[PDB]
Amino acid sequence: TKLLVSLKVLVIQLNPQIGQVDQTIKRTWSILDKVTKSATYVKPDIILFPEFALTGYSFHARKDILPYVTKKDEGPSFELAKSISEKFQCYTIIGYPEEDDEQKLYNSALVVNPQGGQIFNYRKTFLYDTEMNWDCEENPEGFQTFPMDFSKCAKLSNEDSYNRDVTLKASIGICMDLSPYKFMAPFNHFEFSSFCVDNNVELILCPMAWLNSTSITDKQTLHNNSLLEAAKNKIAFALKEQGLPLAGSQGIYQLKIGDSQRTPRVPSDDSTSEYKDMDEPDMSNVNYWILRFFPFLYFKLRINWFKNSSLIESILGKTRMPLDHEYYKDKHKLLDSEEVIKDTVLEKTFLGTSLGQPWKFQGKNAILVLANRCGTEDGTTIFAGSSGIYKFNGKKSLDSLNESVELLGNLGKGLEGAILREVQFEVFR
């Protein structure tokens, strides 16, 4: 029934800029070379890249992004992922701009197996403001799940070596997917992480292009020629004081290969959002990210929610996706009916509580992998970097101080690089 798993996870962090695709690919191979020659190197089972890993992110018009979109099985991103997976006998996931046969555009992440074949293609479900510039499409399928077959990565309790295979249940969420829909939905919906708990996902993968707080996100301040020129000054000063060009760091690689140094548990304040110390993570965003996975976190007040049955209506009333989403446009889908209660309903959760248990994830394990880009674009937007690997142990605050999540390691906020962690956990079969 119980099956211990050992998994080796490699995350790549990049600073891509528009019109530098070949230079970005070359720096990638440069990083991978330094990983192999590391003192404590081990062959990874899986490798994760950020959102739009090779192309840059801030496209202003459809005509600007068109020179870089590709098919899911064609182009520089696919060929790079194919070359990498065949060389390491591993899974590789990379974010890229996609075009289909009907000339429609998506923000996507493709999956390539250890045999060099593309087994999956996920499309972004919750869109960001920038996507509207080139008329990006929402995923018609909403959030999705897929299996991943790992070889010789598991063992029984009394066994001594990992000589057993294991198929894990995985899911990909891209950047905005972790946020409330359109920044208008209720915060406590936790759409993506709820989906992951409901469907019993064991491995969560998140390519990202997530912003540091000092970024300029104001409609009034970005459209006024006088306000914007004055607004950029702060950002321009922030990077000059770090001894970096406005576009941020490139070609100087931070490596954390095989070490077991874990990220310190720290609360958020008015200092943790500052763009300083490029080799250290943005702990404001790290705390925020953990918060968006609330259903996986231990919370004392759940027992009161369960005993008082104050969430039954929410659990039963909750739909699979937001009603105005692409999901229902072309989908299509109660205590009063004569229909019976299906297994699906008993798997449903809200705020981590199900109909049968106060905390559904209690006693389970799951691994979270975030690959976020670094650097800067347009002199207005600062990406937060800080890629990392996390473990939800499911044992008995709303940040990194919560010991039901383990912070296995993070990269810094401002440097390109890579981190490898050998992750141990357990599943039930």
# chains A, B, ... in the order shown; residues from 1 in each chain; ligands from 1
call {"tool": "select_by_dssp", "arguments": {"residues": "region 8-253 of chain A", "states": "helix (DSSP H, G or I)", "output": "ChimeraX atom specification"}}
result
/A:21-36,62-68,76-88,129-134,175-178,181-183,187-189,191-198,219-223,225-240
call {"tool": "residues_around", "arguments": {"residues": "residue 384 (chain A)", "least_positions_apart": "2", "cutoff": "12 Å", "atoms": "only C-alpha atoms", "output": "PyMOL selection string"}}
result
chain A and resi 13-15+50+175+208-215+248+272-286+289+370-376+381-382+386-387+411-416
call {"tool": "write_last_selection", "arguments": {"atoms": "C-alpha atoms", "output": "mmCIF file, in the first residue's frame"}}
result
data_model
loop_
_atom_site.group_PDB
_atom_site.id
_atom_site.type_symbol
_atom_site.label_atom_id
_atom_site.label_comp_id
_atom_site.auth_asym_id
_atom_site.auth_seq_id
_atom_site.Cartn_x
_atom_site.Cartn_y
_atom_site.Cartn_z
ATOM 1 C CA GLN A 13 16.384 29.860 -13.980
ATOM 2 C CA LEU A 14 16.887 32.229 -16.942
ATOM 3 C CA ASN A 15 16.719 35.902 -17.988
ATOM 4 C CA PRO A 50 10.261 29.021 -16.619
ATOM 5 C CA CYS A 175 2.114 31.913 -13.380
ATOM 6 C CA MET A 208 6.427 31.290 -14.079
ATOM 7 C CA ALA A 209 7.165 34.922 -14.903
ATOM 8 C CA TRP A 210 6.152 36.393 -11.524
ATOM 9 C CA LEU A 211 6.830 40.029 -10.607
ATOM 10 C CA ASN A 212 8.754 41.610 -7.749
ATOM 11 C CA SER A 213 6.690 44.205 -5.823
ATOM 12 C CA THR A 214 8.747 47.197 -6.972
ATOM 13 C CA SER A 215 7.428 46.683 -10.519
ATOM 14 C CA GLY A 248 19.316 42.691 -15.225
ATOM 15 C CA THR A 272 11.690 41.448 2.180
ATOM 16 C CA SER A 273 10.231 42.983 -1.009
ATOM 17 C CA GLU A 274 13.275 45.153 -1.768
ATOM 18 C CA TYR A 275 15.258 44.305 -4.888
ATOM 19 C CA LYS A 276 18.608 43.687 -3.158
ATOM 20 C CA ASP A 277 21.038 40.763 -2.609
ATOM 21 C CA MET A 278 20.738 39.020 -5.983
ATOM 22 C CA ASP A 279 21.903 35.653 -4.612
ATOM 23 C CA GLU A 280 19.051 35.476 -2.084
ATOM 24 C CA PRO A 281 15.336 34.741 -2.667
ATOM 25 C CA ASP A 282 12.476 37.247 -2.492
ATOM 26 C CA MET A 283 10.851 35.917 0.704
ATOM 27 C CA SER A 284 7.808 38.142 0.292
ATOM 28 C CA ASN A 285 6.910 36.305 -2.883
ATOM 29 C CA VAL A 286 7.960 32.966 -1.369
ATOM 30 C CA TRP A 289 3.314 31.564 -3.132
ATOM 31 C CA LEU A 370 8.516 26.470 -9.161
ATOM 32 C CA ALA A 371 10.668 27.663 -12.062
ATOM 33 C CA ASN A 372 10.525 31.482 -12.215
ATOM 34 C CA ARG A 373 12.508 33.793 -14.535
ATOM 35 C CA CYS A 374 14.689 36.694 -13.392
ATOM 36 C CA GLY A 375 15.739 40.014 -14.937
ATOM 37 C CA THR A 376 13.862 43.076 -16.204
ATOM 38 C CA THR A 381 8.871 45.312 -14.820
ATOM 39 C CA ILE A 382 11.140 43.411 -12.426
ATOM 40 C CA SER A 386 13.711 32.721 -6.538
ATOM 41 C CA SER A 387 13.022 29.315 -8.105
ATOM 42 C CA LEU A 411 17.778 30.244 -5.950
ATOM 43 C CA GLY A 412 18.347 33.987 -5.628
ATOM 44 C CA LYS A 413 16.051 36.727 -6.910
ATOM 45 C CA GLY A 414 18.337 38.178 -9.573
ATOM 46 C CA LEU A 415 20.751 35.616 -11.042
ATOM 47 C CA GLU A 416 20.560 32.955 -13.746
#
call {"tool": "residues_around", "arguments": {"residues": "residue 73 (chain A)", "least_positions_apart": "4", "cutoff": "9 Å", "atoms": "only C-alpha atoms", "output": "list in words"}}
result
residues 77, 78, 79, 110 and 118 of chain A
call {"tool": "write_last_selection", "arguments": {"atoms": "N, CA, C and O atoms", "output": "PDB file, in the first residue's frame"}}
result
ATOM      1  N   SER A  77      12.078  25.584 -28.944  1.00  0.00           N
ATOM      2  CA  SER A  77      11.791  25.151 -27.584  1.00  0.00           C
ATOM      3  C   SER A  77      11.632  23.638 -27.515  1.00  0.00           C
ATOM      4  O   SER A  77      12.154  22.991 -26.603  1.00  0.00           O
ATOM      5  N   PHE A  78      10.917  23.079 -28.487  1.00  0.00           N
ATOM      6  CA  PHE A  78      10.725  21.636 -28.556  1.00  0.00           C
ATOM      7  C   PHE A  78      12.050  20.910 -28.785  1.00  0.00           C
ATOM      8  O   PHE A  78      12.351  19.936 -28.095  1.00  0.00           O
ATOM      9  N   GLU A  79      12.837  21.388 -29.746  1.00  0.00           N
ATOM     10  CA  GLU A  79      14.109  20.750 -30.087  1.00  0.00           C
ATOM     11  C   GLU A  79      15.107  20.817 -28.937  1.00  0.00           C
ATOM     12  O   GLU A  79      15.910  19.899 -28.751  1.00  0.00           O
ATOM     13  N   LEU A 110       5.292  22.594 -22.709  1.00  0.00           N
ATOM     14  CA  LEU A 110       5.295  21.265 -23.313  1.00  0.00           C
ATOM     15  C   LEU A 110       6.095  20.267 -22.481  1.00  0.00           C
ATOM     16  O   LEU A 110       7.043  20.643 -21.791  1.00  0.00           O
ATOM     17  N   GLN A 118       7.186  14.045 -27.223  1.00  0.00           N
ATOM     18  CA  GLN A 118       6.280  14.988 -26.567  1.00  0.00           C
ATOM     19  C   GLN A 118       4.997  14.301 -26.113  1.00  0.00           C
ATOM     20  O   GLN A 118       4.158  13.933 -26.935  1.00  0.00           O
TER      21      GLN A 118
END
call {"tool": "residues_around", "arguments": {"residues": "residue 357 (chain A)", "least_positions_apart": "3", "cutoff": "10 Å", "atoms": "only C-alpha atoms", "output": "VMD selection string"}}
result
chain A and resid 302 to 303 306 to 307 346 to 347 349 352 to 354 360 to 362
call {"tool": "write_last_selection", "arguments": {"atoms": "C-alpha atoms", "output": "mmCIF file, in the first residue's frame"}}
result
data_model
loop_
_atom_site.group_PDB
_atom_site.id
_atom_site.type_symbol
_atom_site.label_atom_id
_atom_site.label_comp_id
_atom_site.auth_asym_id
_atom_site.auth_seq_id
_atom_site.Cartn_x
_atom_site.Cartn_y
_atom_site.Cartn_z
ATOM 1 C CA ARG A 302 -10.688 23.494 10.107
ATOM 2 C CA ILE A 303 -11.993 21.203 12.857
ATOM 3 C CA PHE A 306 -16.108 20.556 9.910
ATOM 4 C CA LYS A 307 -18.016 20.233 13.188
ATOM 5 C CA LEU A 346 -16.781 13.297 -2.029
ATOM 6 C CA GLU A 347 -13.376 14.342 -3.423
ATOM 7 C CA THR A 349 -12.811 20.511 -1.166
ATOM 8 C CA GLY A 352 -8.968 22.365 2.353
ATOM 9 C CA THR A 353 -12.084 20.853 3.923
ATOM 10 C CA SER A 354 -14.106 18.057 2.297
ATOM 11 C CA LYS A 360 -8.478 16.168 3.125
ATOM 12 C CA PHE A 361 -4.704 16.392 2.586
ATOM 13 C CA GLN A 362 -3.980 15.341 6.186
#
call {"tool": "atom_distance", "arguments": {"atom1": "CA of residue 237 (chain A)", "atom2": "CA of residue 380 (chain A)"}}
result
12.0 Å
call {"tool": "closest_residue", "arguments": {"among": "A:293, A:87, A:160, A:351", "to": "residue 311 (chain A)", "atoms": "only C-alpha atoms"}}
result
A:351
call {"tool": "closest_residue", "arguments": {"among": "A:355, A:224, A:130, A:20", "to": "residue 341 (chain A)", "atoms": "only C-alpha atoms"}}
result
A:355
call {"tool": "decode", "arguments": {"residues": "region 370-391 of chain A", "atoms": "N, CA, C and O atoms", "output": "mmCIF file, in the first residue's frame"}}
result
data_model
loop_
_atom_site.group_PDB
_atom_site.id
_atom_site.type_symbol
_atom_site.label_atom_id
_atom_site.label_comp_id
_atom_site.auth_asym_id
_atom_site.auth_seq_id
_atom_site.Cartn_x
_atom_site.Cartn_y
_atom_site.Cartn_z
ATOM 1 N N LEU A 370 8.722 25.192 -8.482
ATOM 2 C CA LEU A 370 8.516 26.470 -9.161
ATOM 3 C C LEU A 370 9.756 26.917 -9.926
ATOM 4 O O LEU A 370 10.824 27.116 -9.334
ATOM 5 N N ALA A 371 9.608 27.093 -11.236
ATOM 6 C CA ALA A 371 10.668 27.663 -12.062
ATOM 7 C C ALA A 371 10.273 29.067 -12.536
ATOM 8 O O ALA A 371 9.470 29.218 -13.459
ATOM 9 N N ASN A 372 10.841 30.087 -11.902
ATOM 10 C CA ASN A 372 10.525 31.482 -12.215
ATOM 11 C C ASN A 372 11.709 32.193 -12.873
ATOM 12 O O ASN A 372 12.852 31.986 -12.474
ATOM 13 N N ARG A 373 11.441 33.031 -13.873
ATOM 14 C CA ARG A 373 12.508 33.793 -14.535
ATOM 15 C C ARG A 373 13.010 34.939 -13.662
ATOM 16 O O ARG A 373 12.365 35.311 -12.673
ATOM 17 N N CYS A 374 14.167 35.488 -14.031
ATOM 18 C CA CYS A 374 14.689 36.694 -13.392
ATOM 19 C C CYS A 374 14.908 37.790 -14.438
ATOM 20 O O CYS A 374 14.563 37.613 -15.609
ATOM 21 N N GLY A 375 15.464 38.923 -14.015
ATOM 22 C CA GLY A 375 15.739 40.014 -14.937
ATOM 23 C C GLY A 375 14.642 41.065 -15.033
ATOM 24 O O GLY A 375 13.729 41.105 -14.205
ATOM 25 N N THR A 376 14.721 41.899 -16.068
ATOM 26 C CA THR A 376 13.862 43.076 -16.204
ATOM 27 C C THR A 376 13.449 43.329 -17.663
ATOM 28 O O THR A 376 14.206 43.015 -18.586
ATOM 29 N N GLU A 377 12.259 43.901 -17.865
ATOM 30 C CA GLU A 377 11.815 44.319 -19.200
ATOM 31 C C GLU A 377 11.114 45.693 -19.199
ATOM 32 O O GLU A 377 10.419 46.039 -18.244
ATOM 33 N N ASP A 378 11.314 46.459 -20.276
ATOM 34 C CA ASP A 378 10.653 47.759 -20.503
ATOM 35 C C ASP A 378 11.022 48.860 -19.501
ATOM 36 O O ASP A 378 10.468 49.965 -19.560
ATOM 37 N N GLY A 379 11.944 48.566 -18.588
ATOM 38 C CA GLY A 379 12.315 49.508 -17.547
ATOM 39 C C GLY A 379 11.189 49.757 -16.560
ATOM 40 O O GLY A 379 11.184 50.769 -15.864
ATOM 41 N N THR A 380 10.228 48.837 -16.502
ATOM 42 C CA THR A 380 9.052 49.001 -15.647
ATOM 43 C C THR A 380 8.742 47.740 -14.859
ATOM 44 O O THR A 380 8.025 47.782 -13.857
ATOM 45 N N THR A 381 9.273 46.617 -15.328
ATOM 46 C CA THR A 381 8.871 45.312 -14.820
ATOM 47 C C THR A 381 10.062 44.506 -14.307
ATOM 48 O O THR A 381 10.967 44.172 -15.071
ATOM 49 N N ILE A 382 10.056 44.192 -13.015
ATOM 50 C CA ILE A 382 11.140 43.411 -12.426
ATOM 51 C C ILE A 382 10.664 42.026 -11.997
ATOM 52 O O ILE A 382 9.838 41.901 -11.087
ATOM 53 N N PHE A 383 11.199 40.991 -12.641
ATOM 54 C CA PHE A 383 10.831 39.618 -12.307
ATOM 55 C C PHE A 383 11.552 39.154 -11.047
ATOM 56 O O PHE A 383 12.698 39.526 -10.810
ATOM 57 N N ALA A 384 10.881 38.332 -10.246
ATOM 58 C CA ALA A 384 11.330 38.044 -8.879
ATOM 59 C C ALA A 384 12.316 36.877 -8.711
ATOM 60 O O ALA A 384 12.851 36.680 -7.619
ATOM 61 N N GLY A 385 12.557 36.110 -9.768
ATOM 62 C CA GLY A 385 13.379 34.910 -9.658
ATOM 63 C C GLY A 385 12.954 33.994 -8.515
ATOM 64 O O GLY A 385 11.766 33.731 -8.332
ATOM 65 N N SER A 386 13.936 33.514 -7.752
ATOM 66 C CA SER A 386 13.711 32.721 -6.538
ATOM 67 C C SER A 386 13.065 31.357 -6.787
ATOM 68 O O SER A 386 12.180 30.945 -6.043
ATOM 69 N N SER A 387 13.515 30.658 -7.823
ATOM 70 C CA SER A 387 13.022 29.315 -8.105
ATOM 71 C C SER A 387 13.322 28.380 -6.939
ATOM 72 O O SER A 387 14.352 28.513 -6.274
ATOM 73 N N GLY A 388 12.426 27.432 -6.690
ATOM 74 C CA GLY A 388 12.593 26.544 -5.556
ATOM 75 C C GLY A 388 11.784 25.260 -5.577
ATOM 76 O O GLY A 388 10.906 25.063 -6.421
ATOM 77 N N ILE A 389 12.101 24.386 -4.624
ATOM 78 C CA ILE A 389 11.432 23.103 -4.459
ATOM 79 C C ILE A 389 10.867 22.991 -3.046
ATOM 80 O O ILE A 389 11.558 23.286 -2.069
ATOM 81 N N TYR A 390 9.614 22.557 -2.941
ATOM 82 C CA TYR A 390 8.931 22.497 -1.653
ATOM 83 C C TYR A 390 8.283 21.138 -1.426
ATOM 84 O O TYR A 390 7.952 20.423 -2.377
ATOM 85 N N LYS A 391 8.089 20.793 -0.158
ATOM 86 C CA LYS A 391 7.408 19.558 0.197
ATOM 87 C C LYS A 391 6.280 19.819 1.185
ATOM 88 O O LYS A 391 6.483 20.466 2.218
#
